[PDB]
Every structure is written in structure tokens, then in C-alpha cells.
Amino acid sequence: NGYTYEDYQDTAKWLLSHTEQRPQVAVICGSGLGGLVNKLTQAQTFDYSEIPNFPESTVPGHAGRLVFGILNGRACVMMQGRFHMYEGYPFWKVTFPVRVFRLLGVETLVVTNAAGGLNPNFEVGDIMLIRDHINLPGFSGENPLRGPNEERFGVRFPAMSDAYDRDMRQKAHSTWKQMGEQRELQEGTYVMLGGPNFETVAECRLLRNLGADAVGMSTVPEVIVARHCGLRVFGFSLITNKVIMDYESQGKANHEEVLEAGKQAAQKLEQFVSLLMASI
């Protein structure tokens, strides 16, 4: 790390004193998913740049704003845009907001992201509930929890086998049924790698063989820090593109189309998330 416990406190107290909102839920909006803040009522926005100690969103499709508001009668705070290791941020910076949210009184964290589909049965536009994850950078020691442990947040060796709340994923499926959607709510394992380049065909095949259903360059570190500090976690990936799996294909992954997919699914995702508020 690099932040002191007081640093998180300072930031939390700053927010608590600049808004009347008191969120119980925090939502992290991934690439092209900033539209999830659109239906919040009594909304109050803070650019990340005005919040002490907050990193900056430099990726297109990430507004870089913290939006407090009410969603379906639930007080929430949304990260309209997030941070990634490939931007040059160590995980202790990428996940700074998560601990701030805990110090604000938040109890649940909803993580979302745009991801490449590895499961051949996935189609662009699909919503995949994250049932589990594979932390590749963690295998190497790249972890937000690396270094002295802050007992005021959590224990030295947190368990991750139950990271994605079982109860919330049951409600997610029940709720999806109420939406009367054409496609079924997908569910699977999200694997995180560093980026920023998109994967090669050989890497794609290997990742699928590891048992991964979707691939991305975010989320996992946020989930680890969330669980460490006691937050209930729920999340999903919007399958924005199908990773190229063969050498005969003329396709090629690109951020522009990833952002387009997010816009086309934004509406359906908003309703789903809003409906879910009632479940929390």
C-alpha cells in the first residue's frame, strides 16, 4: 500500500461533510456503463479530481465522477468510471475507493465491467453474473493486500472462496426472470489479467482452458479489498465482444466496439441493477 488508515478516514469524512447522502450500497461502473447513474434521484456528483486522495480515470468510457443518489428507494454511491493497473496504478490506488466506501458506512458493493467472452455460448450483449474469479496478477504477488495488514479493515489471510454472495446471485436470477428478457442471465468465472493489449489467440484458448468464462483487466482487486473489509459483494460482466479464438478469423478486439456494446445494453442493465436494489 501507500495510504495510511487516516488517509481513507480523511477522504470519507470529506465526503460525509459535503453531501447529505448516506449510501448503503456502492456500484462501480465499468467501460461504457456510466449510464447506470442516469436514474438516480437527489443525485450529487463529485469529479474524482475534487476528492482528496482519489486517483483519476484516464480511460475513454470512464467519466471519472462519484455520484451519490437514490436508486429504487436505496441510497447508493456510484463510481462513474474506475481505475486500472494498466493506467499505471498499483492496486492499492485502484482500490482506494472501496475502503473509503466502507468508512462511509457502505455495506454492499456491486461491481460491473465490460468483458471479453471466452465461453463459446456467450453472445455480445449477454449479462454474466460473476460467480467466481481467477486472479492472475495475484498469482505473482500483485495484490492490493500486499504489505503490512491493517487490522482495522480486515484479517491477514482473508478467504476468497465465498467472495460473490450466494444469496444475491439467487435474487439476481429471480429478478432477471421478472424482466422477461430474451436471453437468459449467464453466470460464470471472470479471469483478470493486466492489459492493456487485447489477448492473442493462444492466450484466449489457454484462459478458457483455465475454466474462465469471461476476461477483463479490472474488478478482481476491488472484490478482494471489499471482502477483506467486510463488504458483501455482487457483480456482473457485460459481454461486449467475443474474444478471437482462431487464426482464420478476421475479427479484432477494439475498445470502440466495446463502448458501443455498453451503450446498447446500458438500458437493460440499468433496469436490472435498479430492480436489484430492492433485493439489497
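If you superpose the two forms and keep the largest set of C-alpha atoms that fall within 1.5 Å, you have the rigid core. So that there is no doubt, residue numbering starts at 1 and follows the sequence shown.
> Consider 220-228 and 36-44 separately and indicate which one has Cα atoms farther, on average, from the shown form in 4 other deposited structures of this protein after rigid core alignment.
Looking at 36-44 and 220-228 in 4 other deposited structures of this protein, the bigger mover is 36-44.
> Would you say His62 is missing from a third or more of the other compared entries?
Missing in at least a third of the others, so yes.
> Quick one: say whether 66-74 or 44-52 has the higher mean Cα B-factor in the deposited entry.
Stretch with the greater average CA B-factor: 66-74.
> Read off the CA B-factors in the entry, average them over 142-150 and over 167-175, and name the higher stretch.
Per the PDB entry, the higher value belongs to 167-175.
> Per the coordinate record, which of the options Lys93, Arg156, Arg183, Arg82 holds the highest CA temperature factor?
The C-alpha B-factor peaks, among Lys93, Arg156, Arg183, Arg82, at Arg183.
> If you compare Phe122, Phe101, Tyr190, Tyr86, which has the highest Cα B-factor in the entry?
The record points to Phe122.
> Among the chain's modelled residues, which third holds the C-alpha B-factor of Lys252?
Ranked within chain, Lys252 CA B lands in the highest tercile.
> Can you tell me which third, lowest, middle or highest, the CA B-factor of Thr219 falls into for its chain?
Answer is lowest: the recorded C-alpha B-factor places it there.
> State the tercile, meaning the lowest, middle or highest third, of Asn38 with respect to the CA B-factors recorded for its chain.
Tercile = highest for this residue's CA B-factor.
> Among the modelled residues of its chain, does the C-alpha B-factor of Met245 lie in the lowest, middle or highest third?
CA B-factor rank for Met245: highest third.
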